[PDB]
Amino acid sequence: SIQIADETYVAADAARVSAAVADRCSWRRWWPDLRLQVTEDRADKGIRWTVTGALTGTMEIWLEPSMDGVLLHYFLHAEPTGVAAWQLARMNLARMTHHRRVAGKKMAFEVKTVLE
């Protein structure tokens, strides 16, 4: 129900980007209503989580070299957790997606301004 595949250019190397992205205290600030359990540690190419809390599904950051730095891919595929059909019918999934994209872009901008 929430599907994101965004990308942000960061003028810095994969090692430093993966370190900023892997800070567990940052996960709390970036996704306050999600619990994240690592299902795949991918060292300098990013991280894959199983997502619980407000959403249930999968989230992933994947890094690849581009121009003078990396593309930071932000992926989410998740559904509002445990909701009944009557609750899902009342949700504005496009608004919800937009908010989760703005939150993804907060995460990228903080990683950017720090590492640049």
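Residue numbers here begin at 1 and follow the sequence given.
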Give the stretch, out of 96 to 104 and 13 to 21, with the larger mean C-alpha temperature factor in the deposited entry. 13 to 21
Stretch exceeding the other in mean C-alpha B-factor - 59 to 67, 81 to 89: 59 to 67
Would you check the entry's CA temperature factor for residue 28 and let me know if it's in the chain's lowest, middle or highest third? lowest
When the modelled residues of the chain are sorted by Cα temperature factor, does residue 36 land in the lowest, middle or highest third? lowest
Going by the entry, which third of its chain does the Cα temperature factor of residue 76 land in? middle
